[PDB]
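> Have a look at the structure that comes next, please.
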Amino acid sequence: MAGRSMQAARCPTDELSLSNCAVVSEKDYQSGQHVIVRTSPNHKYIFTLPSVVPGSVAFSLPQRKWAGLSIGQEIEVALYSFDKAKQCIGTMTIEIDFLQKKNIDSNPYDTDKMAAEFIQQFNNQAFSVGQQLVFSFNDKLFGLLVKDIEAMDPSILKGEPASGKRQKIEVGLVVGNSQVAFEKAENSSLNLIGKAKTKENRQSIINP
Amino acid sequence: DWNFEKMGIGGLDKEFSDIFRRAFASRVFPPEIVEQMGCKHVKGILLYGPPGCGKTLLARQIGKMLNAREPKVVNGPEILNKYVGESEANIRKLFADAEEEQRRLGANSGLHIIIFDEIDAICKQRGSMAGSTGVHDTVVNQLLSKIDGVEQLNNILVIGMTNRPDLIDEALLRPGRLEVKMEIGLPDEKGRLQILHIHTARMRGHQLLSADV
Amino acid sequence: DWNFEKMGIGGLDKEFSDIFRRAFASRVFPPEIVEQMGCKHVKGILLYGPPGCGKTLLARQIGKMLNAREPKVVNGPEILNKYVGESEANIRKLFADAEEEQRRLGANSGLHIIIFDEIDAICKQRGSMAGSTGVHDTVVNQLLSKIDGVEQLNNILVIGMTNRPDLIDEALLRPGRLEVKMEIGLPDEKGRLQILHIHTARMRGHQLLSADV
Ligand SMILES: Nc1ncnc2c1ncn2[C@@H]1O[C@H](COP(=O)(O)OP(=O)(O)OP(=O)(O)O)[C@@H](O)[C@H]1O
Ligand SMILES: Nc1ncnc2c1ncn2[C@@H]1O[C@H](COP(=O)(O)OP(=O)(O)OP(=O)(O)O)[C@@H](O)[C@H]1O
């Protein structure tokens with residue numbers, strides 16, 4: 001699909017900033033389409049797509065920070081071949097902390113809820129490694145950073161027992177059965193549990 | 001087609017006789033008389049001894065001896081996994097089929113045979129373990145519940161082999177799970193002769209061994 | 001295009017001859033007599049001695065000698081990883097190709113070579129680490145089970161080099177796993193002479209050595 005030259009605009013609203021979507025005018029593209037934004041020959045970013053000017057793509061501040069996009073830069077916009085029965089995550093690993101240090105407390109949060117809510121809110125969205133985002137629970141704010149992405153084994157998509165040969169993928173698609181894990185950054189107080197929130201057994205030496 | 005000679009076992013006559021006696025006598029009698037006595041059946045075996053005597057060979061030959069569903073073999077610590085609680089999923093997936101079959105047929109169902117290899121890797125004393133990894137304790141406890149919990153399952157046989165019997169937990173080595181605990185030892189001259197003849201059968205058959213031997 | 005003098009190894013003629021006799025004899029002899037004989041190949045060699053005698057050279061030259069796939073090499077403790085169960089997966093990832101080919105082509109299959117450097121870093125006698133031993137014992141049991149388990153491999157050859165042979169677990173050294181044990185020691189005078197010519201051949205050829213030496 002041929003690249004279009006577009007102008008970088010500012011995301012119109014913070015509500016649209018919470019969707020992690022690149023906001024476009026309806027004349028240019030449709031909701032739910034995917035694009036590759038090329039910023040240079042070596043940098044390709046894949047994004048999910050009335051107040052946006054036709055011929056402009058409005059980016060949120062987090063997306064611009066992650067992708068390095070300035071407002072008004074001319075950009076080539078095309079599309080990723082988003083494979084079908086492969087990418088779609090099986091489980092993902094994310095790093096969590098309080099979004100702002102002033103809200104910290106040390107009591108445990110029941111967090112399987114927060115994963116189920118994550119799957120409900122960001123269903124069918126594109127996600128990639130290194131991406132940064134924000135989440136909310138108990139009316140407290142959390143910053144998130146994706147660190148690993150295992151696909152489903154395509155057999156599960158075929159309706160068959162998994163072999164365990166989970167591929168690791170540069171981009172994944174959330175689907176209604178994906179799962180996610182929330183490992184803390186060391187410095188922290190945010191106690192967490194849930195059960196399925198996942199914490200790999202720490203395998204760490206200790207001296208007597 | 002089974003006969004003892006086809007199994008190729010060496011000089012383990014007494015052990016084999018004791019095993020068949022203490023594990024398989026009940027299943028061979030007609031259902032009427034065994035029901036008349038009303039006794040329960042063994043479900044476990046624990047072989048042990050010094051390295052390199054043939055324990056796995058005996059287990060696989062036992063597997064061949066029985067006509068039943070293909071044994072499910074857990075090759076060492078393949079159960080551990082990095083997500084919380086996933087190993088317990090694997091464990092329960094093992095027993096699901098047997099449970100369903102026994103529910104569907106009742107007292108007159110077939111037998112299922114399960115072989116556990118390198119049992120010491122999974123099951124070690126719950127209390128005496130690295131504090132950091134309660135996953136082992138959960139596994140042991142879960143296993144103990146499943147094999148012998150309030151609910152009774154009677155169409156399973158569990159085999160476990162190790163090299164250092166001391167490490168095994170006391171809670172598992174109790175009647176109902178593994179009471180029969182065998183010790184394999186070195187053979188005598190006759191057993192060695194049997195082994196040599198076994199390993200020399202083809203050479204004699206194909207006439208590649210000199211008569212001076 | 002293989003020549004014994006090409007590998008530039010001097011002073012180890014007897015050991016190499018013995019090694020060749022014990023290791024590659026079955027695979028070079030014509031097959032038909034071998035199928036009549038009914039034997040299984042040997043899948044283990046270990047080399048030990050004091051530092052700086054030329055073990056790694058032997059391993060590398062042996063690897064180049066054989067006509068097979070590119071060998072898989074593990075440089076020391078590359079297997080350890082922060083998440084439980086991944087060490088075991090990696091270990092399995094070493095033997096997966098062998099398993100696939102064995103299943104597919106059966107008897108008519110190629111050879112696979114795996115080299116372990118500093119095996120003593122990962123393999124130690126079980127029940128010797130006071131802390132965090134949960135990973136070590138799993139590693140050791142996994143390796144033992146993989147080398148010889150219920151499933152049988154017939155396309156694998158293993159070569160190992162080590163410096164502390166007396167600290168290794170006995171279970172890895174029983175016959176059937178690492179049979180050919182070799183000691184490389186200090187050379188005698190004749191070996192020193194041979195080595196000096198070996199390493200001075202180019203200089204002599206190019207006339208860069210004076211005539212009074
Ligand atoms: N008593 C025996 N009778 C027949 N074959 C034997 C006997 N002892 C050893 N062997 C041969 O050597 C192998 C060694 O035994 P096996 O492989 O069962 O190991 P094990 O002793 O059960 O295990 P480990 O070495 O891990 O303690 C046998 O599989 C067989 O090929
Ligand atoms: N017997 C020998 N014949 C010829 N060259 C030799 C011999 N022994 C050592 N060398 C020379 O010494 C170099 C270093 O030897 P090498 O690294 O193989 O020793 P090593 O025993 O593997 O090491 P270490 O045990 O100390 O880890 C070789 O690459 C070779 O050039």
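Chain lettering (A, B, ...) mirrors the order of the structure tokens, residue numbering begins at 1 for each chain separately, and ligand numbering begins at 1 in order of display.
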Residues of region 2-192 of chain A classed as strand (DSSP E) by DSSP on the backbone are to be reported as a PyMOL selection string.
chain A and resi 4-10+23-24+34-40+43-48+56-59+74-77+89-98+126-128+132-137+140-151+171-173+180-184
> Once chain C is fitted to chain B on all Cα atoms paired one-to-one in order, how large is the remaining RMSD?
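Chain B versus chain C: RMSD of 0.9 Å.
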> My list of candidates is C:163, C:125, C:207, C:152. Which is closest to ligand 2 when distances are computed with only C-alpha atoms and all ligand atoms?
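Among the listed residues, C:163 lies closest to ligand 2.
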> Could you work out which residues of chain B fall inside 9 Å of chain C? Count only C-alpha atoms, and format the result as a list in words.
residues 51, 52, 56, 57, 60, 73, 75, 76, 77, 78, 79, 80, 81, 82, 83, 117, 118, 120, 121, 122, 129, 130, 132, 133, 163, 202, 203, 206 and 208 of chain B
> Output N, CA and C atoms of each residue in that selection to a file, as a short mmCIF file (atom, residue, chain, number, x, y, z; two decimals), in the first residue's frame.

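Output contents, as saved in part26.cif:
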data_model
loop_
_atom_site.label_atom_id
_atom_site.label_comp_id
_atom_site.auth_asym_id
_atom_site.auth_seq_id
_atom_site.Cartn_x
_atom_site.Cartn_y
_atom_site.Cartn_z
N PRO B 51 23.92 -46.50 41.09
CA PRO B 51 23.74 -46.15 39.68
C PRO B 51 23.97 -47.31 38.73
N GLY B 52 23.28 -47.25 37.60
CA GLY B 52 23.51 -48.18 36.51
C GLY B 52 23.21 -49.66 36.72
N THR B 56 15.30 -48.33 34.99
CA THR B 56 14.46 -47.89 33.89
C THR B 56 14.09 -49.06 33.00
N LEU B 57 15.04 -49.97 32.78
CA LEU B 57 14.75 -51.15 31.97
C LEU B 57 13.60 -51.95 32.58
N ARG B 60 10.27 -50.05 31.98
CA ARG B 60 9.74 -50.13 30.63
C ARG B 60 9.29 -51.55 30.29
N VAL B 73 4.43 -40.67 30.76
CA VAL B 73 5.74 -40.55 31.37
C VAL B 73 6.09 -39.09 31.54
N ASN B 75 9.15 -36.98 32.21
CA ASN B 75 10.61 -37.13 32.16
C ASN B 75 11.21 -36.00 32.99
N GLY B 76 11.42 -36.28 34.27
CA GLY B 76 12.09 -35.36 35.16
C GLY B 76 11.32 -34.08 35.41
N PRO B 77 12.04 -33.00 35.74
CA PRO B 77 11.37 -31.71 35.98
C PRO B 77 10.88 -30.95 34.76
N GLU B 78 10.05 -31.58 33.94
CA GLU B 78 9.45 -30.89 32.80
C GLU B 78 8.21 -30.14 33.23
N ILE B 79 7.82 -30.28 34.50
CA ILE B 79 6.58 -29.70 34.98
C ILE B 79 6.76 -28.26 35.42
N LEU B 80 7.95 -27.90 35.92
CA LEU B 80 8.15 -26.55 36.41
C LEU B 80 7.91 -25.56 35.28
N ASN B 81 7.28 -24.44 35.60
CA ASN B 81 7.13 -23.39 34.60
C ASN B 81 7.06 -22.05 35.30
N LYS B 82 7.41 -21.00 34.56
CA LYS B 82 7.71 -19.70 35.15
C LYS B 82 6.46 -18.94 35.55
N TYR B 83 5.32 -19.23 34.94
CA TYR B 83 4.10 -18.58 35.37
C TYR B 83 3.59 -19.24 36.64
N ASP B 117 9.84 -40.10 36.31
CA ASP B 117 11.27 -40.27 36.19
C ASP B 117 11.98 -39.12 36.90
N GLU B 118 13.08 -39.46 37.58
CA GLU B 118 13.83 -38.52 38.39
C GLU B 118 12.90 -37.87 39.40
N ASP B 120 13.11 -37.49 42.50
CA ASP B 120 13.74 -36.61 43.48
C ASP B 120 13.78 -35.15 43.04
N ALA B 121 13.82 -34.87 41.74
CA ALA B 121 13.85 -33.48 41.30
C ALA B 121 12.58 -32.75 41.70
N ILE B 122 11.43 -33.39 41.56
CA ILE B 122 10.17 -32.74 41.90
C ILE B 122 9.94 -32.78 43.40
N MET B 129 13.58 -27.06 52.33
CA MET B 129 13.70 -26.54 50.97
C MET B 129 14.03 -25.06 51.02
N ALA B 130 14.67 -24.59 49.96
CA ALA B 130 14.92 -23.17 49.76
C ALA B 130 13.64 -22.37 49.96
N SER B 132 12.76 -19.65 49.10
CA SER B 132 12.40 -18.75 48.01
C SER B 132 11.37 -19.33 47.06
N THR B 133 11.15 -20.65 47.07
CA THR B 133 10.42 -21.33 46.01
C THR B 133 9.39 -22.26 46.65
N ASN B 163 18.18 -41.80 42.93
CA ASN B 163 19.51 -42.30 43.20
C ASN B 163 19.95 -42.09 44.64
N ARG B 202 23.53 -63.01 19.65
CA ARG B 202 23.68 -62.78 18.22
C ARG B 202 25.04 -63.25 17.76
N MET B 203 26.08 -63.04 18.57
CA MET B 203 27.41 -63.47 18.15
C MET B 203 27.45 -64.98 17.95
N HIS B 206 25.31 -65.76 14.72
CA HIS B 206 25.97 -65.38 13.49
C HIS B 206 27.39 -65.89 13.42
N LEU B 208 30.32 -65.42 15.05
CA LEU B 208 31.38 -64.44 15.05
C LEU B 208 32.19 -64.50 16.33
#
> Could you list, as a ChimeraX atom specification, every residue of chain A that has an atom within 9 Å of an atom of chain C, counting only C-alpha atoms?
/A:200-208
> Rounded to one decimal in Å, what is the spacing between CA of residue 201 (chain B) and CA of residue 109 (chain C)?
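About the pair CA of residue 201 (chain B) and CA of residue 109 (chain C): they are 27.0 Å apart.
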> From the DSSP assignment of the backbone, select every residue of region 8-208 of chain A that is helix (DSSP H, G or I), and format the answer as a list in words.
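Put together, the selection reads residues 14, 15, 16, 17, 18, 61, 62, 63, 64, 65, 66, 67, 101, 102, 103, 112, 113, 114, 115, 116, 117, 118, 119, 120, 121, 154, 155, 156 and 157 of chain A.
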> Using only C-alpha atoms and all ligand atoms, find each residue with an atom at most 8 Å away from ligand 2 and format the answer as a list in words.
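What falls inside 8 Å of ligand 2 is residues 8, 9, 10, 11, 12, 49, 50, 51, 52, 53, 54, 55, 56, 57, 58, 162, 163, 187, 191, 195, 198 and 199 of chain C.
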> With N, CA and C atoms retained, could you export that selection as a PDB file, in the first residue's frame?

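Dumped everything to selection-v2.pdb:
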ATOM      1  N   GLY C   8      48.210 -30.314  13.017  1.00  0.00           N
ATOM      2  CA  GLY C   8      49.251 -29.662  13.784  1.00  0.00           C
ATOM      3  C   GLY C   8      49.169 -29.978  15.261  1.00  0.00           C
ATOM      4  N   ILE C   9      49.027 -31.259  15.579  1.00  0.00           N
ATOM      5  CA  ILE C   9      49.043 -31.746  16.950  1.00  0.00           C
ATOM      6  C   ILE C   9      50.221 -32.693  17.081  1.00  0.00           C
ATOM      7  N   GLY C  10      51.048 -32.465  18.088  1.00  0.00           N
ATOM      8  CA  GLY C  10      52.230 -33.285  18.305  1.00  0.00           C
ATOM      9  C   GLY C  10      52.321 -33.802  19.723  1.00  0.00           C
ATOM     10  N   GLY C  11      52.839 -35.021  19.856  1.00  0.00           N
ATOM     11  CA  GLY C  11      53.061 -35.619  21.153  1.00  0.00           C
ATOM     12  C   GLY C  11      51.925 -36.437  21.724  1.00  0.00           C
ATOM     13  N   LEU C  12      50.826 -36.601  21.002  1.00  0.00           N
ATOM     14  CA  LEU C  12      49.665 -37.323  21.506  1.00  0.00           C
ATOM     15  C   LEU C  12      49.260 -38.437  20.559  1.00  0.00           C
ATOM     16  N   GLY C  49      43.143 -33.036  32.450  1.00  0.00           N
ATOM     17  CA  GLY C  49      44.556 -32.865  32.702  1.00  0.00           C
ATOM     18  C   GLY C  49      44.849 -31.493  33.278  1.00  0.00           C
ATOM     19  N   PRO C  50      46.112 -31.211  33.585  1.00  0.00           N
ATOM     20  CA  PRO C  50      46.444 -29.905  34.141  1.00  0.00           C
ATOM     21  C   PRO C  50      46.377 -28.826  33.074  1.00  0.00           C
ATOM     22  N   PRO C  51      46.407 -27.556  33.470  1.00  0.00           N
ATOM     23  CA  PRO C  51      46.192 -26.477  32.500  1.00  0.00           C
ATOM     24  C   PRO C  51      47.269 -26.400  31.434  1.00  0.00           C
ATOM     25  N   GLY C  52      46.861 -25.914  30.268  1.00  0.00           N
ATOM     26  CA  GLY C  52      47.785 -25.614  29.196  1.00  0.00           C
ATOM     27  C   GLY C  52      48.458 -26.792  28.528  1.00  0.00           C
ATOM     28  N   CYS C  53      47.717 -27.873  28.262  1.00  0.00           N
ATOM     29  CA  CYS C  53      48.285 -29.028  27.584  1.00  0.00           C
ATOM     30  C   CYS C  53      47.747 -29.242  26.179  1.00  0.00           C
ATOM     31  N   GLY C  54      46.637 -28.601  25.809  1.00  0.00           N
ATOM     32  CA  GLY C  54      46.154 -28.654  24.440  1.00  0.00           C
ATOM     33  C   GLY C  54      44.882 -29.454  24.250  1.00  0.00           C
ATOM     34  N   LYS C  55      43.981 -29.401  25.225  1.00  0.00           N
ATOM     35  CA  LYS C  55      42.728 -30.136  25.104  1.00  0.00           C
ATOM     36  C   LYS C  55      41.802 -29.484  24.090  1.00  0.00           C
ATOM     37  N   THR C  56      41.640 -28.174  24.197  1.00  0.00           N
ATOM     38  CA  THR C  56      40.755 -27.463  23.292  1.00  0.00           C
ATOM     39  C   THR C  56      41.213 -27.617  21.857  1.00  0.00           C
ATOM     40  N   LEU C  57      42.523 -27.674  21.640  1.00  0.00           N
ATOM     41  CA  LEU C  57      43.019 -27.915  20.296  1.00  0.00           C
ATOM     42  C   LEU C  57      42.539 -29.262  19.786  1.00  0.00           C
ATOM     43  N   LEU C  58      42.598 -30.284  20.642  1.00  0.00           N
ATOM     44  CA  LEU C  58      42.117 -31.603  20.251  1.00  0.00           C
ATOM     45  C   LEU C  58      40.648 -31.541  19.889  1.00  0.00           C
ATOM     46  N   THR C 162      37.615 -30.872  30.765  1.00  0.00           N
ATOM     47  CA  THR C 162      37.488 -30.390  32.136  1.00  0.00           C
ATOM     48  C   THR C 162      38.851 -30.326  32.805  1.00  0.00           C
ATOM     49  N   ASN C 163      38.913 -29.553  33.900  1.00  0.00           N
ATOM     50  CA  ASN C 163      40.116 -29.450  34.718  1.00  0.00           C
ATOM     51  C   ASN C 163      40.040 -30.061  36.115  1.00  0.00           C
ATOM     52  N   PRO C 187      54.376 -33.698  27.819  1.00  0.00           N
ATOM     53  CA  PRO C 187      55.005 -34.493  26.769  1.00  0.00           C
ATOM     54  C   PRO C 187      56.404 -34.900  27.201  1.00  0.00           C
ATOM     55  N   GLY C 191      58.222 -35.607  21.977  1.00  0.00           N
ATOM     56  CA  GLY C 191      57.094 -34.741  21.698  1.00  0.00           C
ATOM     57  C   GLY C 191      57.494 -33.283  21.625  1.00  0.00           C
ATOM     58  N   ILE C 195      56.844 -30.957  18.417  1.00  0.00           N
ATOM     59  CA  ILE C 195      56.100 -29.711  18.543  1.00  0.00           C
ATOM     60  C   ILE C 195      56.920 -28.549  18.015  1.00  0.00           C
ATOM     61  N   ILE C 198      56.809 -28.545  14.437  1.00  0.00           N
ATOM     62  CA  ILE C 198      55.468 -28.245  13.957  1.00  0.00           C
ATOM     63  C   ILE C 198      55.312 -26.740  13.902  1.00  0.00           C
ATOM     64  N   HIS C 199      55.742 -26.070  14.961  1.00  0.00           N
ATOM     65  CA  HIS C 199      55.510 -24.647  15.057  1.00  0.00           C
ATOM     66  C   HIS C 199      56.591 -23.845  14.351  1.00  0.00           C
TER      67      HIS C 199
END
> Kindly give the distance, in Å, that separates CA of residue 99 (chain A) and CA of residue 170 (chain A), rounded to a single decimal.
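A separation of 25.6 Å between them.
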> Using only C-alpha atoms and all ligand atoms, which residue out of B:186, B:180, B:34, B:23 lies closest to ligand 1?
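Smallest separation from ligand 1 among the options: B:186.
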> May I have the residues within 10 Å of residue 79 (chain A) as a PyMOL selection string, using only C-alpha atoms and disregarding those fewer than 4 positions away in the same chain?
chain A and resi 1-3+33-38+45-48
